[PDB]
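Undergrad: What follows is a single structure, and I will ask about it in a moment.
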Amino acid sequence: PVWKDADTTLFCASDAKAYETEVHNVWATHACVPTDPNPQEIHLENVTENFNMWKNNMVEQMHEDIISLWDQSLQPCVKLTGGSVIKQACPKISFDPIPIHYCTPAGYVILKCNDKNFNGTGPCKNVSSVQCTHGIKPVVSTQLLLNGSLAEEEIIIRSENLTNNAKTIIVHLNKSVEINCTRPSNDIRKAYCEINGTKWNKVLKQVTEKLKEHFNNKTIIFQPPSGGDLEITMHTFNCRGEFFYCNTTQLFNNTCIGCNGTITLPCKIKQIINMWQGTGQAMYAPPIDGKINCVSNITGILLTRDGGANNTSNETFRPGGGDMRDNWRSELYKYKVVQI
Ligand SMILES: CN1CCN(C(=O)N2C[C@H](CN)C[C@H](C(=O)Nc3ccc(Cl)c(F)c3)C2)CC1
Ligand SMILES: *[C@@H]1O[C@H](CO)[C@@H](O)[C@H](O)[C@H]1NC(C)=O
Ligand SMILES: *[C@@H]1O[C@H](CO)[C@@H](O)[C@H](O)[C@H]1NC(C)=O
Ligand SMILES: *[C@@H]1O[C@H](CO)[C@@H](O)[C@H](O)[C@H]1NC(C)=O
Ligand SMILES: *[C@@H]1O[C@H](CO)[C@@H](O)[C@H](O)[C@H]1NC(C)=O
Ligand SMILES: *[C@@H]1O[C@H](CO)[C@@H](O)[C@H](O)[C@H]1NC(C)=O
Ligand SMILES: *[C@@H]1O[C@H](CO)[C@@H](O)[C@H](O)[C@H]1NC(C)=O
Ligand SMILES: *[C@@H]1O[C@H](CO)[C@@H](O)[C@H](O)[C@H]1NC(C)=O
Ligand SMILES: *[C@@H]1O[C@H](CO)[C@@H](O)[C@H](O)[C@H]1NC(C)=O
Ligand SMILES: *[C@@H]1O[C@H](CO)[C@@H](O)[C@H](O)[C@H]1NC(C)=O
Ligand SMILES: *[C@@H]1O[C@H](CO)[C@@H](O)[C@H](O)[C@H]1NC(C)=O
Ligand SMILES: *[C@@H]1O[C@H](CO)[C@@H](O)[C@H](O)[C@H]1NC(C)=O
Ligand SMILES: *[C@@H]1O[C@H](CO)[C@@H](O)[C@H](O)[C@H]1NC(C)=O
């Protein structure tokens, strides 16, 4: 019953249905094992551990998989990679991320912080031990984190160094905000997302107050990104295979804290993407026919605070994204690998 921080090679578990053609099911059928049918965590009594979500290998462990997963599934007609043009087959596929678990091999375990207000760094008091993590959907997105877990109590602000403006801030919402995005049946690339103005605005209000506590009640200001390539300037995600690019100016720019209706963001489905796995562009074919719809829960926000504001009374925050390791860090933050 003693251990030390260490890294090893993990394996995955998921409930992939062997028959299903959906790319995540297929990727998990041949690369992951069946989920533990008999899990049991082991509370360690009055044991206090330290965690660090910004420096956790599990996150790089998951990243590598999703990159492998996307490489063998979601695959472009043409891939441009620093002066190369590999052409390929690019058939429309079935895409809907499932949860995947991360388990340790014999000789190690994962420590799971259960402080409902854990921020991801430092000390944790109620510490549990698990063999595998819970089911995590590997949802790829910028600006908004969708379909994830929620914070159990207060909205949590996660960062490696709040004081360093270069380090990303992950907001962990305690209440989700539904976001419905549709590309109507037959511009075929035109689409949009609908969001409750009231709900979203109340949540953003609350978020503002949280950041207030972390930044000496200094005026909090939200704005959209200042410069970017579209993947970052817009809220980007994949819905049923298609890459959606939505303009979130109406969430971070009306402030509005008579505005309380249904926010409607304009989006566009882009065949040509700047990849997240590695630098390069990938070009897909045009969209599939019929209404393409994905309703998702917004569960977190990726923010970047402005710099050089030290001499003012304001703090400016803009939605960020691009590095997916932060998206995985969004769910894995409470886990840590220790060798027995
Ligand atoms: C650093 N590391 C290595 C290479 N990367 C880049 O160069 N990126 C820059 C690029 C614009 N310049 C945006 C990229 C991005 O996020 N693409 C993206 C694609 C599809 C979806 Cl669905 C999505 F949500 C996002 C991030 C990845 C990060
Ligand atoms: C510690 O977390 C575990 C996980 O559910 C649970 O027993 C309870 O929330 C906490 N226990 C105590 C004694 O606080
Ligand atoms: C969410 O957390 C905030 C604190 O940031 C709190 O005021 C609010 O009541 C919480 N709401 C829910 C639904 O948990
Ligand atoms: C996280 O919590 C620890 C301990 O309470 C604290 O030292 C650290 O500053 C916190 N980080 C943030 C971003 O709140
Ligand atoms: C946090 O950022 C500030 C500003 O760059 C820096 O001076 C400080 O050393 C950072 N904290 C740590 C622990 O490095
Ligand atoms: C989502 O949007 C479409 C089109 O506006 C609508 O038909 C549907 O009822 C909305 N809600 C859900 C849960 O799909
Ligand atoms: C938006 O959510 C609020 C609760 O915050 C609710 O009163 C209202 O019915 C919702 N709006 C719509 C159009 O469903
Ligand atoms: C922020 O303002 C609130 C006012 O409700 C006050 O109670 C609190 O002490 C202030 N905190 C800081 C860090 O300025
Ligand atoms: C998003 O829409 C607003 C208008 O609502 C526009 O000013 C802005 O340029 C758009 N964003 C981008 C990156 O084009
Ligand atoms: C929103 O901010 C953007 C700056 O990127 C700009 O289009 C616009 O002036 C702002 N909104 C309003 C209502 O002025
Ligand atoms: C979120 O989950 C819903 C229900 O499982 C799904 O229909 C939707 O496609 C998911 N969103 C994304 C972006 O994958
Ligand atoms: C969206 O949120 C509701 C309530 O927070 C939850 O019951 C539901 O499972 C969430 N959807 C997904 C796809 O996780
Ligand atoms: C802004 O303030 C932080 C901490 O107060 C400091 O670490 C950082 O270097 C400052 N930035 C500039 C440009 O002075």
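Naming works like this for the structure tokens: A, B, ... for the chains as they're shown, residue 1 at the start of each chain, ligands 1 onward in shown order.
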Could you give me, as a JSON list (two decimals) with N, CA and C atoms, in the first residue's frame, every polymer residue with an atom at most 9 Å away from an atom of ligand 13, counting only C-alpha atoms and all ligand atoms?

TA:
[["chain", "number", "residue", "atom", "x", "y", "z"],
["A", 163, "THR", "N", -1.88, 33.82, -13.57],
["A", 163, "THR", "CA", -1.13, 35.03, -13.69],
["A", 163, "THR", "C", -0.37, 35.17, -15.00],
["A", 164, "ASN", "N", -0.15, 34.04, -15.65],
["A", 164, "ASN", "CA", 0.53, 34.01, -16.91],
["A", 164, "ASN", "C", -0.58, 34.02, -17.90],
["A", 165, "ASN", "N", -0.63, 35.05, -18.72],
["A", 165, "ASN", "CA", -1.69, 35.19, -19.69],
["A", 165, "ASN", "C", -1.61, 34.23, -20.88],
["A", 307, "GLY", "N", -3.18, 40.25, -22.56],
["A", 307, "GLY", "CA", -1.98, 40.69, -21.87],
["A", 307, "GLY", "C", -1.84, 42.21, -21.88],
["A", 308, "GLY", "N", -0.91, 42.69, -21.08],
["A", 308, "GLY", "CA", -0.61, 44.09, -21.01],
["A", 308, "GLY", "C", -1.71, 44.89, -20.39],
["A", 309, "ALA", "N", -2.57, 44.23, -19.65],
["A", 309, "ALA", "CA", -3.66, 44.94, -19.04],
["A", 309, "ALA", "C", -3.37, 45.27, -17.62],
["A", 310, "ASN", "N", -2.17, 44.97, -17.16],
["A", 310, "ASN", "CA", -1.81, 45.20, -15.78],
["A", 310, "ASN", "C", -2.08, 46.58, -15.25],
["A", 311, "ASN", "N", -1.98, 47.58, -16.09],
["A", 311, "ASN", "CA", -2.19, 48.94, -15.64],
["A", 311, "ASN", "C", -3.59, 49.46, -15.84]]

Undergrad: Could you give me, as a Markdown table, a per-residue list for stretch 73-156 of chain A showing, wherever an atom lies at most 6 Å from an atom of stretch 270-288 of chain A, the closest pair of atoms and their distance in Å to one decimal, using only C-alpha atoms and sorting by chain then residue number from low to high?

TA:
| residue | atom | partner | partner_atom | distance |
| --- | --- | --- | --- | --- |
| A:76 | CA | A:284 | CA | 5.0 |
| A:77 | CA | A:284 | CA | 5.3 |
| A:78 | CA | A:283 | CA | 5.2 |
| A:79 | CA | A:282 | CA | 4.4 |
| A:80 | CA | A:281 | CA | 4.9 |
| A:81 | CA | A:280 | CA | 4.4 |

Undergrad: So that I can check the surroundings of residue A:97, please list as an mmCIF file with N, CA and C atoms, in the first residue's frame every protein, DNA and RNA residue that reaches within 8 Å of it, counting only C-alpha atoms and ignoring chain neighbours fewer than 4 positions away.

TA:
data_model
loop_
_atom_site.group_PDB
_atom_site.id
_atom_site.type_symbol
_atom_site.label_atom_id
_atom_site.label_comp_id
_atom_site.auth_asym_id
_atom_site.auth_seq_id
_atom_site.Cartn_x
_atom_site.Cartn_y
_atom_site.Cartn_z
ATOM 1 N N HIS A 24 -15.670 5.249 -34.226
ATOM 2 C CA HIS A 24 -15.116 5.138 -32.897
ATOM 3 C C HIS A 24 -15.323 3.738 -32.382
ATOM 4 N N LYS A 137 -15.637 10.773 -23.677
ATOM 5 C CA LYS A 137 -15.821 10.950 -25.100
ATOM 6 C C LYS A 137 -14.733 11.868 -25.576
ATOM 7 N N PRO A 138 -14.038 11.498 -26.629
ATOM 8 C CA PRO A 138 -12.976 12.334 -27.139
ATOM 9 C C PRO A 138 -13.510 13.318 -28.141
ATOM 10 N N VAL A 139 -14.186 14.332 -27.659
ATOM 11 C CA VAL A 139 -14.793 15.323 -28.510
ATOM 12 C C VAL A 139 -13.833 16.384 -28.936
#

Undergrad: Write out as a list in words all residues of stretch 42-142 of chain A that backbone DSSP assigns to alpha helix (DSSP H).

TA: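 In stretch 42-142 of chain A, DSSP puts these residues in alpha helix (DSSP H): residues 57, 58, 59, 60, 61, 62, 63, 64, 65, 66, 67, 68, 69, 70 and 71 of chain A.
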
Undergrad: Write to file, as a CSV table (one decimal), in the first residue's frame, the residues of the selection just made, with C-alpha atoms.

TA:
chain,number,residue,atom,x,y,z
A,57,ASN,CA,1.1,11.9,-19.2
A,58,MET,CA,-2.4,10.4,-19.4
A,59,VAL,CA,-3.3,13.5,-21.5
A,60,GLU,CA,-0.6,12.8,-23.9
A,61,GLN,CA,-1.6,9.1,-23.7
A,62,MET,CA,-5.1,10.0,-24.8
A,63,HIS,CA,-4.0,12.5,-27.4
A,64,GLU,CA,-2.0,9.9,-29.3
A,65,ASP,CA,-5.0,7.6,-29.5
A,66,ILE,CA,-7.4,10.1,-30.9
A,67,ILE,CA,-4.9,11.1,-33.4
A,68,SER,CA,-4.6,7.5,-34.4
A,69,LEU,CA,-8.3,7.1,-34.3
A,70,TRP,CA,-8.8,10.1,-36.6
A,71,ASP,CA,-6.1,8.9,-38.9

Undergrad: Give as a ChimeraX atom specification the residues surrounding ligand 10 up to a distance of 8 Å, considering only C-alpha atoms and all ligand atoms.

TA: /A:223-226,249-250,252-254

Undergrad: May I have a table of the residues of chain A lying at most 7 Å from ligand 9, giving each one's closest pair of atoms and their distance in Å to one decimal, counting only C-alpha atoms and all ligand atoms, ordered by chain and ascending residue number, as a Markdown table?

TA:
| residue | atom | partner | partner_atom_place_in_ligand_line | distance |
| --- | --- | --- | --- | --- |
| A:230 | CA | ligand 9 | 13 (C) | 6.2 |
| A:233 | CA | ligand 9 | 13 (C) | 5.2 |
| A:234 | CA | ligand 9 | 13 (C) | 6.2 |
| A:247 | CA | ligand 9 | 1 (C) | 4.8 |
| A:248 | CA | ligand 9 | 1 (C) | 6.7 |
| A:249 | CA | ligand 9 | 1 (C) | 5.2 |
| A:250 | CA | ligand 9 | 5 (O) | 6.6 |

Undergrad: Do you know which residues are within 7 Å of ligand 3 using only C-alpha atoms and all ligand atoms? Can you write them as a PyMOL selection string?

TA: chain A and resi 153-155+174-175+206-207+209-210

Undergrad: Set the cut-off to 10 Å, count only C-alpha atoms and all ligand atoms, and list whatever residues fall near ligand 8 as a PyMOL selection string.

TA: chain A and resi 209+212-218

Undergrad: List as a tab-separated table every residue of chain A that is in contact with ligand 4, defined as an atom at most 12 Å from one of its atoms (using only C-alpha atoms and all ligand atoms), together with the nearest atom pair and the distance in Å rounded to one decimal, sorted by chain and then rising number.

TA:
residue	atom	partner	partner_atom_place_in_ligand_line	distance
A:49	CA	ligand 4	4 (C)	11.6
A:50	CA	ligand 4	4 (C)	9.5
A:51	CA	ligand 4	3 (C)	9.8
A:52	CA	ligand 4	1 (C)	9.5
A:53	CA	ligand 4	1 (C)	10.6
A:54	CA	ligand 4	13 (C)	10.8
A:115	CA	ligand 4	5 (O)	10.8
A:117	CA	ligand 4	2 (O)	9.0
A:118	CA	ligand 4	2 (O)	7.0
A:119	CA	ligand 4	1 (C)	5.0
A:120	CA	ligand 4	1 (C)	6.3
A:121	CA	ligand 4	1 (C)	5.0
A:122	CA	ligand 4	3 (C)	5.1
A:123	CA	ligand 4	4 (C)	5.9
A:124	CA	ligand 4	4 (C)	8.2
A:125	CA	ligand 4	5 (O)	10.7
A:155	CA	ligand 4	14 (O)	11.3
A:156	CA	ligand 4	14 (O)	8.0
A:157	CA	ligand 4	13 (C)	5.9
A:158	CA	ligand 4	13 (C)	5.0
A:159	CA	ligand 4	13 (C)	4.6
A:160	CA	ligand 4	13 (C)	6.4
A:161	CA	ligand 4	13 (C)	6.1
A:162	CA	ligand 4	13 (C)	5.5
A:163	CA	ligand 4	13 (C)	8.7
A:164	CA	ligand 4	13 (C)	10.5
A:165	CA	ligand 4	13 (C)	11.9
A:167	CA	ligand 4	13 (C)	10.4
A:168	CA	ligand 4	13 (C)	10.3
A:169	CA	ligand 4	13 (C)	8.2
A:170	CA	ligand 4	13 (C)	9.3
A:171	CA	ligand 4	13 (C)	10.2
A:172	CA	ligand 4	13 (C)	11.7
A:210	CA	ligand 4	14 (O)	10.4
A:211	CA	ligand 4	14 (O)	9.9
A:213	CA	ligand 4	14 (O)	9.8
A:214	CA	ligand 4	14 (O)	7.2
A:215	CA	ligand 4	14 (O)	10.4
A:333	CA	ligand 4	1 (C)	11.8

Undergrad: Go ahead and save the picked residues with C-alpha atoms, as a JSON list (two decimals), in the first residue's frame.

TA:
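Dumped to again_3.json:
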[["chain", "number", "residue", "atom", "x", "y", "z"],
["A", 49, "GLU", "CA", -2.04, 13.48, -2.88],
["A", 50, "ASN", "CA", -0.90, 16.13, -5.32],
["A", 51, "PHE", "CA", -2.09, 16.29, -8.91],
["A", 52, "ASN", "CA", -1.20, 18.33, -11.96],
["A", 53, "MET", "CA", -3.45, 18.28, -14.95],
["A", 54, "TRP", "CA", -1.19, 20.52, -16.95],
["A", 115, "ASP", "CA", -12.61, 16.87, -4.04],
["A", 117, "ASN", "CA", -13.95, 21.59, -5.97],
["A", 118, "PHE", "CA", -10.65, 20.36, -7.28],
["A", 119, "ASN", "CA", -9.13, 22.78, -9.66],
["A", 120, "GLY", "CA", -6.63, 20.47, -11.21],
["A", 121, "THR", "CA", -3.43, 21.44, -9.53],
["A", 122, "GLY", "CA", -1.87, 20.78, -6.21],
["A", 123, "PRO", "CA", -3.43, 19.00, -3.25],
["A", 124, "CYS", "CA", -6.46, 16.85, -2.98],
["A", 125, "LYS", "CA", -7.85, 15.37, 0.21],
["A", 155, "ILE", "CA", -17.87, 26.62, -11.59],
["A", 156, "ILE", "CA", -14.18, 25.87, -11.61],
["A", 157, "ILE", "CA", -11.41, 27.84, -13.20],
["A", 158, "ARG", "CA", -8.54, 25.68, -14.35],
["A", 159, "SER", "CA", -5.14, 26.98, -15.36],
["A", 160, "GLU", "CA", -1.41, 26.26, -15.07],
["A", 161, "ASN", "CA", -0.82, 29.86, -14.02],
["A", 162, "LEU", "CA", -3.68, 32.30, -13.94],
["A", 163, "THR", "CA", -1.13, 35.03, -13.69],
["A", 164, "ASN", "CA", 0.53, 34.01, -16.91],
["A", 165, "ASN", "CA", -1.69, 35.19, -19.69],
["A", 167, "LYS", "CA", -1.51, 29.71, -20.28],
["A", 168, "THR", "CA", -4.99, 28.57, -21.21],
["A", 169, "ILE", "CA", -7.95, 28.77, -18.91],
["A", 170, "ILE", "CA", -10.52, 26.05, -18.83],
["A", 171, "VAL", "CA", -13.84, 26.95, -17.35],
["A", 172, "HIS", "CA", -15.74, 24.04, -15.90],
["A", 210, "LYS", "CA", -16.04, 33.34, -10.89],
["A", 211, "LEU", "CA", -13.31, 35.04, -12.78],
["A", 213, "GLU", "CA", -12.93, 36.08, -7.53],
["A", 214, "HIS", "CA", -9.70, 35.07, -9.22],
["A", 215, "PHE", "CA", -8.86, 38.50, -10.49],
["A", 333, "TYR", "CA", -7.70, 16.39, -14.68]]

Undergrad: Give me, as a compact mmCIF listing (two decimals) with N, CA and C atoms, in the first residue's frame, the set of residues whose atoms come within 9 Å of any atom of ligand 11, counting only C-alpha atoms and all ligand atoms.

TA:
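Result file follows (pocket12.txt):
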# COMPACT_ATOMS: atom_id res chain seq x y z
N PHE A 95 -19.86 8.87 -37.80
CA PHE A 95 -19.03 9.44 -36.76
C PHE A 95 -19.80 9.94 -35.58
N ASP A 96 -19.54 9.37 -34.43
CA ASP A 96 -20.18 9.76 -33.19
C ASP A 96 -19.38 9.21 -32.04
N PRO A 97 -18.55 10.02 -31.44
CA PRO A 97 -17.66 9.61 -30.37
C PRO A 97 -18.29 8.93 -29.20
N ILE A 98 -17.69 7.84 -28.75
CA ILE A 98 -18.16 7.12 -27.58
C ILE A 98 -17.20 7.31 -26.44
N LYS A 137 -15.64 10.77 -23.68
CA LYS A 137 -15.82 10.95 -25.10
C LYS A 137 -14.73 11.87 -25.58
N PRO A 138 -14.04 11.50 -26.63
CA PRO A 138 -12.98 12.33 -27.14
C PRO A 138 -13.51 13.32 -28.14
N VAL A 139 -14.19 14.33 -27.66
CA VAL A 139 -14.79 15.32 -28.51
C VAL A 139 -13.83 16.38 -28.94
N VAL A 140 -13.62 16.48 -30.23
CA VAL A 140 -12.71 17.45 -30.76
C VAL A 140 -13.40 18.76 -31.06
N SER A 141 -12.96 19.82 -30.40
CA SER A 141 -13.51 21.14 -30.59
C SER A 141 -12.62 22.27 -30.13
N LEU A 145 -16.31 23.31 -25.11
CA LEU A 145 -16.11 21.92 -24.81
C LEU A 145 -17.46 21.34 -24.72
N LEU A 146 -17.73 20.36 -25.55
CA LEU A 146 -19.03 19.76 -25.60
C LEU A 146 -19.07 18.33 -25.15
N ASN A 147 -20.25 17.92 -24.72
CA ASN A 147 -20.56 16.58 -24.27
C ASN A 147 -19.68 16.01 -23.17
N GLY A 148 -19.16 16.86 -22.31
CA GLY A 148 -18.33 16.38 -21.23
C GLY A 148 -19.01 16.33 -19.89
N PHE A 237 -16.18 22.21 -34.67
CA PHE A 237 -16.44 20.88 -34.20
C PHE A 237 -16.80 19.96 -35.35
N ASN A 238 -17.01 18.69 -35.08
CA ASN A 238 -17.37 17.77 -36.13
C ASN A 238 -18.71 17.17 -35.82
N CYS A 239 -19.63 17.27 -36.74
CA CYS A 239 -20.98 16.74 -36.56
C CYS A 239 -21.28 15.78 -37.69
N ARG A 240 -21.49 14.52 -37.34
CA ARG A 240 -21.79 13.44 -38.27
C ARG A 240 -20.81 13.38 -39.37
N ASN A 293 -27.82 17.23 -38.06
CA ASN A 293 -28.08 17.88 -36.80
C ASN A 293 -27.36 17.28 -35.64
N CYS A 294 -26.83 18.11 -34.77
CA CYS A 294 -26.20 17.64 -33.59
C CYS A 294 -26.53 18.54 -32.44
N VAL A 295 -27.23 18.02 -31.45
CA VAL A 295 -27.50 18.82 -30.28
C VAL A 295 -26.48 18.39 -29.24
N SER A 296 -25.77 19.32 -28.66
CA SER A 296 -24.78 18.93 -27.71
C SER A 296 -24.83 19.78 -26.51
N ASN A 297 -24.21 19.33 -25.44
CA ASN A 297 -24.18 20.10 -24.23
C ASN A 297 -22.91 20.86 -24.26

Undergrad: Neighbouring residues of ligand 6 are defined here as those with any atom at most 7 Å from a ligand atom, counting only C-alpha atoms and all ligand atoms; list them as a PyMOL selection string.

TA: chain A and resi 180-182+194+295

Undergrad: Kindly assemble as JSON lines a list of the chain A residues that lie within 7 Å of ligand 7, each paired with its nearest atom pair and their distance in Å to one decimal, using only C-alpha atoms and all ligand atoms, sorted first by chain and then by ascending residue number.

TA:
{"residue": "A:196", "atom": "CA", "partner": "ligand 7", "partner_atom_place_in_ligand_line": "1 (C)", "distance": 4.9}
{"residue": "A:197", "atom": "CA", "partner": "ligand 7", "partner_atom_place_in_ligand_line": "1 (C)", "distance": 6.7}
{"residue": "A:198", "atom": "CA", "partner": "ligand 7", "partner_atom_place_in_ligand_line": "1 (C)", "distance": 5.1}
{"residue": "A:199", "atom": "CA", "partner": "ligand 7", "partner_atom_place_in_ligand_line": "5 (O)", "distance": 4.2}
{"residue": "A:261", "atom": "CA", "partner": "ligand 7", "partner_atom_place_in_ligand_line": "13 (C)", "distance": 6.6}
{"residue": "A:262", "atom": "CA", "partner": "ligand 7", "partner_atom_place_in_ligand_line": "13 (C)", "distance": 6.1}

Undergrad: Those same residues - N, CA, C and O atoms - I'd like them written as a PDB file, in the first residue's frame.

TA:
ATOM      1  N   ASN A 196     -30.178  28.950 -26.120  1.00  0.00           N
ATOM      2  CA  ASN A 196     -31.028  29.749 -25.259  1.00  0.00           C
ATOM      3  C   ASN A 196     -30.311  30.983 -24.852  1.00  0.00           C
ATOM      4  O   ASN A 196     -29.335  30.905 -24.161  1.00  0.00           O
ATOM      5  N   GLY A 197     -30.797  32.140 -25.221  1.00  0.00           N
ATOM      6  CA  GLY A 197     -30.099  33.342 -24.854  1.00  0.00           C
ATOM      7  C   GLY A 197     -30.044  33.536 -23.374  1.00  0.00           C
ATOM      8  O   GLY A 197     -29.047  33.930 -22.830  1.00  0.00           O
ATOM      9  N   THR A 198     -31.169  33.273 -22.728  1.00  0.00           N
ATOM     10  CA  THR A 198     -31.301  33.441 -21.264  1.00  0.00           C
ATOM     11  C   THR A 198     -30.345  32.508 -20.536  1.00  0.00           C
ATOM     12  O   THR A 198     -29.617  32.978 -19.679  1.00  0.00           O
ATOM     13  N   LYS A 199     -30.401  31.223 -20.857  1.00  0.00           N
ATOM     14  CA  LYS A 199     -29.549  30.258 -20.210  1.00  0.00           C
ATOM     15  C   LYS A 199     -28.084  30.568 -20.410  1.00  0.00           C
ATOM     16  O   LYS A 199     -27.326  30.616 -19.479  1.00  0.00           O
ATOM     17  N   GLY A 261     -33.644  36.202 -26.092  1.00  0.00           N
ATOM     18  CA  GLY A 261     -34.269  35.210 -26.921  1.00  0.00           C
ATOM     19  C   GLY A 261     -33.370  34.064 -27.273  1.00  0.00           C
ATOM     20  O   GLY A 261     -32.509  33.672 -26.525  1.00  0.00           O
ATOM     21  N   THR A 262     -33.607  33.516 -28.465  1.00  0.00           N
ATOM     22  CA  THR A 262     -32.864  32.354 -29.006  1.00  0.00           C
ATOM     23  C   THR A 262     -31.720  32.820 -29.905  1.00  0.00           C
ATOM     24  O   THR A 262     -31.984  33.250 -31.025  1.00  0.00           O
TER      25      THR A 262
END

Undergrad: Mind the document's chain letters and residue numbers, and return as a list in words the residues of stretch 15-95 of chain A that DSSP labels strand (DSSP E or B).

TA: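 Answer for stretch 15-95 of chain A, restricted to strand (DSSP E or B): residues 33, 34, 44, 49, 50, 51, 52, 78, 79, 80, 85, 86 and 87 of chain A.
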
Undergrad: Could you dump the residues just selected with N, CA, C and O atoms as an mmCIF file, in the first residue's frame?

TA:
data_model
loop_
_atom_site.group_PDB
_atom_site.id
_atom_site.type_symbol
_atom_site.label_atom_id
_atom_site.label_comp_id
_atom_site.auth_asym_id
_atom_site.auth_seq_id
_atom_site.Cartn_x
_atom_site.Cartn_y
_atom_site.Cartn_z
ATOM 1 N N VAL A 33 -9.984 -2.826 -25.052
ATOM 2 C CA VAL A 33 -10.579 -4.012 -24.529
ATOM 3 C C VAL A 33 -11.959 -3.708 -24.021
ATOM 4 O O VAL A 33 -12.371 -2.590 -23.979
ATOM 5 N N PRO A 34 -12.695 -4.727 -23.618
ATOM 6 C CA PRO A 34 -14.018 -4.520 -23.056
ATOM 7 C C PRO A 34 -13.900 -3.852 -21.731
ATOM 8 O O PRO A 34 -12.973 -4.114 -21.009
ATOM 9 N N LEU A 44 -8.690 5.606 -0.112
ATOM 10 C CA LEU A 44 -7.559 5.503 0.732
ATOM 11 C C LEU A 44 -7.842 6.516 1.834
ATOM 12 O O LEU A 44 -8.179 7.649 1.568
ATOM 13 N N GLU A 49 -2.873 13.546 -1.711
ATOM 14 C CA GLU A 49 -2.043 13.483 -2.882
ATOM 15 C C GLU A 49 -2.024 14.794 -3.632
ATOM 16 O O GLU A 49 -2.852 15.645 -3.422
ATOM 17 N N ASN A 50 -1.040 14.953 -4.495
ATOM 18 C CA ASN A 50 -0.897 16.127 -5.315
ATOM 19 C C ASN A 50 -1.113 15.723 -6.755
ATOM 20 O O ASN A 50 -0.645 14.687 -7.174
ATOM 21 N N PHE A 51 -1.814 16.554 -7.511
ATOM 22 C CA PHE A 51 -2.089 16.293 -8.912
ATOM 23 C C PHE A 51 -1.636 17.461 -9.767
ATOM 24 O O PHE A 51 -1.360 18.516 -9.251
ATOM 25 N N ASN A 52 -1.556 17.261 -11.064
ATOM 26 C CA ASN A 52 -1.203 18.331 -11.958
ATOM 27 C C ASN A 52 -1.694 17.965 -13.310
ATOM 28 O O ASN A 52 -1.075 17.232 -14.019
ATOM 29 N N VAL A 78 -7.627 14.793 -49.888
ATOM 30 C CA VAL A 78 -6.283 15.283 -50.177
ATOM 31 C C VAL A 78 -5.715 15.842 -48.903
ATOM 32 O O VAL A 78 -6.392 16.539 -48.195
ATOM 33 N N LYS A 79 -4.480 15.513 -48.595
ATOM 34 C CA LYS A 79 -3.862 15.998 -47.395
ATOM 35 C C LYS A 79 -2.636 16.771 -47.768
ATOM 36 O O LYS A 79 -1.788 16.266 -48.445
ATOM 37 N N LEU A 80 -2.549 18.011 -47.331
ATOM 38 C CA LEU A 80 -1.398 18.821 -47.645
ATOM 39 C C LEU A 80 -0.580 18.935 -46.386
ATOM 40 O O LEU A 80 -1.024 19.472 -45.410
ATOM 41 N N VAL A 85 1.351 15.912 -51.274
ATOM 42 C CA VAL A 85 -0.035 15.847 -51.659
ATOM 43 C C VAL A 85 -0.461 14.421 -51.766
ATOM 44 O O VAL A 85 -0.593 13.889 -52.845
ATOM 45 N N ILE A 86 -0.673 13.786 -50.642
ATOM 46 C CA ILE A 86 -1.111 12.431 -50.710
ATOM 47 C C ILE A 86 -2.594 12.436 -50.962
ATOM 48 O O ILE A 86 -3.337 13.060 -50.248
ATOM 49 N N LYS A 87 -2.995 11.785 -52.039
ATOM 50 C CA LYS A 87 -4.388 11.670 -52.391
ATOM 51 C C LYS A 87 -4.913 10.385 -51.813
ATOM 52 O O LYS A 87 -4.160 9.491 -51.482
#

Undergrad: Identify which of the residues A:45, A:302, A:221, A:31 lies closest to residue A:325, counting only C-alpha atoms when measuring atom-to-atom distances.

TA: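 Checking each of A:45, A:302, A:221, A:31 against residue A:325, counting only C-alpha atoms, the winner is A:302.
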
Undergrad: Residues within 8 Å of ligand 2 should be enumerated using only C-alpha atoms and all ligand atoms and returned as a list in words.

TA: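 The residues near ligand 2 are residues 43, 114, 115, 126, 127 and 128 of chain A.
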
Undergrad: Find the residue from A:255, A:14, A:236, A:143 that sits nearest to residue A:319; use only C-alpha atoms when measuring.

TA: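 Nearest to residue A:319: A:143.
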
Undergrad: Of the residues A:312, A:8, A:219, A:149, which is the one nearest to ligand 12, using only C-alpha atoms and all ligand atoms?

TA: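 When distances to ligand 12 are compared using only C-alpha atoms and all ligand atoms, the smallest one comes from A:149.
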
Undergrad: Please, what distance in Å, to one decimal, runs between atom CA of residue A:3 and atom CA of residue A:340?

TA: 4.3 Å

Undergrad: So the first atom is atom CA of residue A:166 and the second is atom CA of residue A:299; what is the distance between them in Å, to one decimal place?

TA: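 Separation between atom CA of residue A:166 and atom CA of residue A:299: 22.5 Å.
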
Undergrad: Have a look at atom CA of residue A:131 and atom CA of residue A:41 and let me know their distance in Å, one decimal.

TA: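 For atom CA of residue A:131 relative to atom CA of residue A:41, the distance reads 7.5 Å.
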